[PDB]
Structures are given as C-alpha cells and as structure tokens.
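Position one of the sequence shown corresponds to residue 1 (the authors' numbering), numbered consecutively onward.
We put the CB at the ideal spot given by N, CA and C, even for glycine.
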Amino acid sequence: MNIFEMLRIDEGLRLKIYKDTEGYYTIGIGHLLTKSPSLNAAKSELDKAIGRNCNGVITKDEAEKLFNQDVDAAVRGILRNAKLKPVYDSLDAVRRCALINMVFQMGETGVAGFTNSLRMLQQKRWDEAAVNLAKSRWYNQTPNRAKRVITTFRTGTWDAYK
Ligand SMILES: [Cl-]
Ligand SMILES: [Cl-]
C-alpha cells in the first residue's frame with residue numbers, strides 16, 4: 001500500500017465538477033478548484049488547471065496528472081515547512097504517509113495548527129496523539145476518514161485501509 005492508493009481510497013475519483021464535503025468545487029482525486037460559490041469560477045479554474053476547455057469534465061488521465069501534482073506539492077510543502085519538516089523527519093514511513101494525507105486534505109497551514117498533536121507525534125506518544133487529533137473539527141466533520149488516518153498514526157500499519 002502506498003500514498004497514492006491511500007489517498008485514492010479516501011478521496012474517490014470523480015470525472016465531473018463536484019462539491020466536496022464542505023461544499024467547495026472539486027474535480028478528480030480531491031483536487032479543490034475554488035472556494036468561490038460560483039460554478040463559473042470553477043469551470044474557469046478547471047480550464048486554467050488543464051490548459052484547455054473542459055467545460056466541467058475531465059478524463060481519468062487528466063485526473064491522475066493533477067493527482068501526481070498535488071501529492072508532489074504536499075510532500076514539498078511539508079519539507080519546506082519549519083513546523084512540519086521536523087515531525088516528518090522523525091517519523092517512520094507509514095506514519096509519514098498519514099501526515100501527507102492530512103496535508104493534502106487540509107493544507108499545510110491547517111496541519112501546522114495542530115501544535116499539541118504534532119508535538120506528541122514527534123515524541124512518539126501514539127495513544128496520546130490519537131486522543132488529541134480526535135478533538136478537532138476535522139474529526140467531527142469527516143469521522144471515518146479521520147479514524148482511518150488516526151489509526152495509521154496510532155499503529156504504524158496499513159490496517160485501517162485493509
Ligand atoms: Cl493546478
Ligand atoms: Cl468521513
């Protein structure tokens with residue numbers, strides 16, 4: 001199991017503009033297009049992203065191209081972040097995937113706000129970090145996805161995805 005397979009389970013694949021759990025316009029494998037209410041702004045952002053007129057629809061290939069970019073951006077973002085980088089460096093490979101997951105869903109800024117959790121992960125206090133991560137809007141809003149990521153941090157295995 002790898003990051004791509006993990007995120008593909010958590011995000012799904014959709015070939016037409018859709019709205020995310022939050023109500024924002026998204027396409028492909030969790031690729032956020034815009035927070036603006038306009039479907040029009042969304043279609044425009046899409047054309048911009050693909051370099052062509054898409055009229056709200058994309059191919060799988062396009063979906064995967066965007067997915068490669070997003071995961072790359074997530075990883076580079078963590079490695080250039082003062083708060084995130086040390087956490088990431090201290091973790092084993094599986095738990096590294098779980099941090100990437102969070103960053104991809106919630107952005108670098110979002111994750112960096114989980115101060116106390118990050119601190120406990122750095123210290124390898126698995127059970128305690130698990131309890132603290134669940135005390136969040138994140139958990140309350142997408143509890144099954146949150147549980148899966150949380151379990152990955154707790155155990156250091158792919159069991160939640162398996
Ligand atoms: Cl883009
Ligand atoms: Cl969920």
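At least 3 beta-carbon pairs within less than 8 Å: the region 24–38 vs the region 81–95: The region 24–38 makes no contact with the region 81–95: fewer than 3 CB pairs, one atom from each, lie closer than 8 Å.
Residue from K85, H31, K124 with nearest C-alpha to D70: By 1-based counting over the sequence shown, the position of residue 70 is 70. Nearest option by C-alpha distance: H31.
Sequence-distant residues of its chain with Cβ nearer than 6 Å to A146 (five each side left out): The count along the sequence shown starts at 1 and reaches residue 146 at position 146. Apart from the 5 residues on each side of it in sequence, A146 sits with its Cβ closer than 6 Å to the Cβ of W138, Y139 in its chain, given in chain order.
CA nearest to the CA of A112, picked from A41, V131, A74: Indexing the sequence shown from 1 puts residue 112 at position 112. The closest CA to that of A112, considering only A41, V131, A74, is found on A74.
Helix, strand or coil at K135 according to DSSP, with G and I counted as helix: The residue given as residue 135 occupies position 135 in the sequence shown. Judged by DSSP in its simplified three-state form, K135 adopts coil rather than helix or strand.
Contact test: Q123 Cβ vs ligand 1 heavy atom, cutoff 8 Å: The residue given as residue 123 occupies position 123 in the sequence shown. No, the Cβ of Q123 stays beyond 8 Å of every heavy atom of ligand 1.
Distance cut-off 8 Å: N55 Cβ against heavy atoms of ligand 2: Translated into the one-based positions of the sequence shown, residue 55 becomes position 55. Every heavy atom of ligand 2 is 8 Å or more from the Cβ of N55, so no.
Distance between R52 and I3 (C-alpha atoms, nearest Å): In the sequence shown, the residue the question calls residue 3 occupies position 3. In the sequence shown, the residue the question calls residue 52 occupies position 52. Per the coordinates, the alpha-carbon of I3 lies some 28 Å from the alpha-carbon of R52.
Backbone CA spacing between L15 and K60 [nearest angstrom]: By 1-based counting over the sequence shown, the position of residue 15 is 15. By 1-based counting over the sequence shown, the position of residue 60 is 60. One C-alpha to the other measures close to 7 Å.
DSSP beta-bridge partners of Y25: By 1-based counting over the sequence shown, the position of residue 25 is 25. Beta-bridge annotation (DSSP): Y25 is paired with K19, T34.
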